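Novice: Please work out how this folds:
(chains A, B, C, D, E, F and G, ligands or ions: 2)
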Amino acid sequence: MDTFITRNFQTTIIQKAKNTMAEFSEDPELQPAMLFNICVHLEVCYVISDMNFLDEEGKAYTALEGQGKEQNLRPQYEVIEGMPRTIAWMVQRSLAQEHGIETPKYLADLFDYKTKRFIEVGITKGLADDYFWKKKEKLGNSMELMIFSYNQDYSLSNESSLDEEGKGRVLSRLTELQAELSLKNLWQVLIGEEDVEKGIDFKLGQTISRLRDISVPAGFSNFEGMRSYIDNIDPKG
Amino acid sequence: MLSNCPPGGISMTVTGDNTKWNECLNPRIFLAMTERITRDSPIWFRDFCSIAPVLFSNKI
Amino acid sequence: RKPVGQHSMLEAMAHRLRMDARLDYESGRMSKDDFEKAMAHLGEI
Amino acid sequence: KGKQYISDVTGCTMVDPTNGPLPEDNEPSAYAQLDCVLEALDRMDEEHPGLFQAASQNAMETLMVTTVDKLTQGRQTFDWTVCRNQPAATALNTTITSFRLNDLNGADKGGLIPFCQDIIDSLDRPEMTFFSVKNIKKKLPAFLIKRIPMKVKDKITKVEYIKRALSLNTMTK
Amino acid sequence: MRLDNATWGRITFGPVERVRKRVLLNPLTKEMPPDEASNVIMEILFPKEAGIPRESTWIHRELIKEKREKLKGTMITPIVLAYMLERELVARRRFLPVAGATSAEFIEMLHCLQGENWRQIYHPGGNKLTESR
RNA sequence: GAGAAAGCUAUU
RNA sequence: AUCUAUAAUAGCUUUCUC
Ligand SMILES: [Mg+2]
Ligand SMILES: [Mg+2]
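Specialist: Numbering: from 1, shown residues only, chains lettered A, B, ... in the order given. Ligands and ions are numbered 1, 2, ... in the order given. Okay, here it is:
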């Protein structure tokens, strides 16, 4: 369950995924599938972001091994997913408002300074174009959203922003991760949809239960009997 | 109340206050009232509404 | 408006400051040197 | 004239007048009859169909959308950490800090329901570690007494904490 | 201005029967529900720290824009401006005893309008909506 | 040492 | 037809034991 994600993903990435799920108000234990999806989404977002960097003349260049922190001070792609809802909304509205761009009605996943556009990075399994057009249905071109898939298919938007090196890096990493999970036989653990309807958890401990038991009117032993009497007795007459 | 008084009858008004209102009302009765009122609510909400009269029934 | 969020005040303020520094550097309100100092301090947190 | 017993949670002497003997004079009576209360409530429900369900649904939804800071909207509140009275926001903050000290973190979720869950779970804790106030006293020549407060870590047992949490502080109007 | 450019009629002494109705306290430019008004104010004054773009707030978009262009270089503290806008955009409706004049322009003078045994004819200034007429 | 609730008012 | 909606602080009144 969590062992594969802990061994493969970093501590910060999994912590961000857990915080996002907690903000989304879903139990972390009974649905590992959402946890894995969030982890892989934010991880591939980081992989994409760690490719391009900004110069002083407004061009997007590439870094490699053997570079200091003075040359690596500001990024190219600003990653929004994994941040809290309030922080993410603040970042998106700030970029849109100071770049003279109307803010979309849905939270984005990345922002690019070279084209100054918001991107909704997604990963699917089926037809890439089908998911691409399904995402295109809502707003059309408010975000140059990008669609990836595990079968090495992808529906890149018109605003081309990634070259061959980074795309191949991401695809090879995805293939390696899929192979590593498949040899461990985790695919059936995640594909199978197990969503029972969940409510609000409020359980009474021992002390409060004992207080409630001794708090019933005279003539009842415990609170269960009193509650049953309240529900199932006609007090008429 | 004036309009609905039966014809040929009489109507009385009692200006009343209840003595020892707070010293006689019992939190166990309030526990019963909350259990009757939240009859068709989920279990967790019923427990939540039962907590307060219980804490008042053991107050110090 | 009462702010909402389950994250720390320090991280919220840090991200807000980082975005403000980025935006006012990209608009030409601050130079290269003070932006370098600001990003260094933000990373030091 | 009700039923007198001893609480097995705190050891206090408890009196239960409900379902007790019916009064025989015009003195104040606390012996409410459960069946009569239920019948009055049933008549109320029959006269106003769906009233109780609508009220319960509205209350539950409001409780779902209720945050912890609502508790800050009160006047002087009894603070169990110092066994004194403090403003509502200060008392709430001291409670949250103490619950953090006792490995309870329901206030971090921000809703009222996790905070109440952490409260009733604190009722089960065998010990309670918190921050209390100590007053250093000085003999000031002038002689008078000078008080300087400081926060320290204090500890109470399960029954003592339960009695403090159930305590009402009384003053004069 | 409404008070100064106003005409006072005669005063009559006689029984006045007042009914307690929920009435608008002060006249308003664009009456909005407090949630929508709060979102609009948030858009006008704190666009960066605003949040999800609720659809209803876009309805007043033009108005929003206007206010922003009127507050580009205002050094007044933002919270005072927020409550100025809220006073301009949020209705305050209260239960009050009235007799025959429930428009907000008459509600603001309600105290001089009538008592239980007298009436004062008052002609407020400003321009009145056609719905009231 | 000066509570709860309701209504109303002022202010930010 | 005001029915919805309604941030916080402070004040005043009322009610809440003799
Ligand atoms: Mg009376
Ligand atoms: Mg009384």
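
Novice: center of chain A, which residue is that?
Specialist: Among the residues of chain A, the one closest to the centroid is residue A:38, at 3.5 Å (CA atoms, centre = their mean).

Novice: Secondary structure element for it, which one?
Specialist: Assessed by DSSP states H and E, residue A:38 sits inside helix A:32-49.

Novice: Over to residue D:137?
Specialist: strand D:127-140.

Novice: And that strand, how far out from the chain middle?
Specialist: A distance of 23 Å separates the centroid of the chain from that of strand D:127-140, by CA atoms, centre = their mean, to the nearest Å.

Novice: To which secondary structure element is the residue of chain E found nearest ligand 2 assigned?
Specialist: Ligand 2 sits closest to residue E:95 of chain E, with a gap of 27.1 Å, by CB to the ion. Placement of C-beta: from N, CA and C, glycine included. In this assignment (DSSP H and E), residue E:95 forms part of strand E:93-98.

Novice: any residues touching the strand holding residue D:137, and which ones?
Specialist: D:81-82, D:94, D:97-98, D:101-102, D:122, D:145-158, D:161 (CB atoms under 8 Å, 6 or more residues apart in numbering or on different chains).

Novice: Inside helices: which ones of the residues you listed?
Specialist: Secondary structure from DSSP state H places D:94, D:97-98, D:101, D:122, D:158, D:161 of the contacts of strand D:127-140 in helices.

Novice: Give me every residue in chain B lying close to RNA strand G.
Specialist: Listed as neighbours of RNA strand G in chain B under the rule CB under 7 Å from any atom of the strand: B:17, B:19-23.

Novice: and the residue of chain E nearest chain D?
Specialist: Closest residue of chain E to chain D, CB to the nearest CB: residue E:35 (12.9 Å).

Novice: my guess is that residue is in a strand, correct?
Specialist: No. Counting by DSSP: H, G, I helix; E, B strand; the rest coil, residue E:35 falls outside a strand, being helix.

Novice: separation between it and residue D:66?
Specialist: Shown here: residue E:35 relative to residue D:66, a distance of 17 Å by CB to CB, to the nearest Å.

Novice: Give me the more crowded residue out of the two.
Specialist: residue D:66 (16 against 11; other CB atoms under 10 Å in any protein chain shown).

Novice: residues touching the closest residue in space to the more buried one that isn't next to it in sequence, list them.
Specialist: In space, and not counting its chain neighbours, residue D:66 is closest to residue D:112: 4.3 Å by CB to CB, 6 or more residues apart in numbering or on different chains. Contact partners of residue D:112, counting by CB under 8 Å, 6+ apart, are D:63, D:66-68, D:70-71.

Novice: try it again with 10 Å
Specialist: Shown in contact with residue D:112 (CB atoms under 10 Å, 6 or more residues apart in numbering or on different chains): B:48, D:62-71, D:106.

Novice: What about ligand 2: which of those residues touch it?
Specialist: Counting by CB under 5 Å from the ion, the subset of those that neighbours ligand 2 is empty.

Novice: Strands along chain A, start to end?
Specialist: A:52-54, A:60-62, A:77-79, A:110-112, A:117-119, A:121-124, A:146-149, A:154-155 (DSSP state E).

Novice: let me fix that: chain D
Specialist: Along chain D, counting by DSSP E, strands occupy D:3-6, D:13-16, D:77-79, D:84-86, D:127-140, D:144-157.

Novice: Of those strands, which is nearest residue A:122?
Specialist: Smallest distance to residue A:122 across the strands of chain D (CB to CB): 47.6 Å, for strand D:127-140.

Novice: Strand partners (parallel or antiparallel) of that closest one?
Specialist: Strand D:127-140 has its sheet partners listed here by DSSP bridges as strand D:144-157 (antiparallel).

Novice: Contacts for the partner strand next, please.
Specialist: Residues outside strand D:144-157 that contact it (CB under 10 Å, 6+ apart): D:80-82, D:94, D:97-98, D:101, D:125-140, D:161-164.

Novice: change it to 8 Å
Specialist: D:81, D:101, D:126-140, D:164.

Novice: Which residues of chain C lie near chain D?
Specialist: C:2, C:4-6 (CB under 8 Å from any CB of the partner chain).

Novice: Kindly recompute the last result at 7 Å.
Specialist: By CB under 7 Å from any CB of the partner chain, the residues of chain C that approach chain D are residue C:6.

Novice: Indicate the residue of chain C located nearest to chain B.
Specialist: residue C:6 (21.2 Å).

Novice: Around residue 20, count how many other residues there are.
Specialist: Since no chain was named, I'll use chain A. Neighbour count of residue A:20, defined by other CB under 10 Å: 22.

Novice: meant chain E actually
Specialist: Quick note: residue E:20 (other CB under 10 Å) scores 9 neighbours.

Novice: For it, which three-state class applies?
Specialist: strand.

Novice: Report the contact partners of it.
Specialist: E:95-97 (CB atoms under 7 Å, 6 or more residues apart in numbering or on different chains).

Novice: Give me the PyMOL select line for the residues you listed, limited to the buried ones.
Specialist: The following PyMOL line selects those of those that are buried, judged by 16 or more other CB atoms under 10 Å in any protein chain shown:
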select buried, chain E and resi 96
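
Novice: which one of the contacts of residue E:20 is nearest chain C?
Specialist: For the contacts of residue E:20, the nearest to chain C is residue E:95 (28.6 Å; CB to the nearest CB).

Novice: Tell me how far that closest one lies from residue B:1.
Specialist: Residue E:95 sits 22 Å away from residue B:1, going by CB to CB.

Novice: do residue A:60 as well
Specialist: Distance, residue A:60 to residue B:1, by CB to CB: 81 Å.

Novice: ok, those two, which is more surrounded?
Specialist: It is residue A:60, of residue A:60 and residue B:1, that has more neighbours when counted by other CB under 10 Å, with 17 against 6.

Novice: Isn't the more buried one up against residue A:114?
Specialist: Yes. Residue A:60 lies in contact with residue A:114 (CB atoms under 7 Å); the separation is 5.0 Å.

Novice: Tell me the residues of chain B that contact chain A?
Specialist: Residues of chain B lying near chain A (CB under 7 Å from any CB): B:28, B:31-32, B:35-36, B:39, B:42, B:44, B:47-48, B:50-51, B:54, B:57-58.

Novice: From these, keep the buried residues only.
Specialist: B:28, B:31-32, B:35-36, B:44, B:47-48, B:50-51, B:54, B:57-58.

Novice: mind putting these in TSV, distance to residue A:148 included?
Specialist: Putting those into TSV (distance: CB to CB, whole Å) gives the following:
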residue	distance to residue A:148
B:28	62
B:31	57
B:32	60
B:35	54
B:36	56
B:44	41
B:47	46
B:48	45
B:50	51
B:51	49
B:54	54
B:57	60
B:58	59
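
Novice: Need these in CSV (columns: secondary structure).
Specialist: Converted to CSV, these look like this (three-state DSSP):
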residue, secondary structure
B:28, helix
B:31, helix
B:32, helix
B:35, helix
B:36, helix
B:44, helix
B:47, helix
B:48, helix
B:50, helix
B:51, helix
B:54, helix
B:57, helix
B:58, coil
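
Novice: Many thanks, we can stop here.
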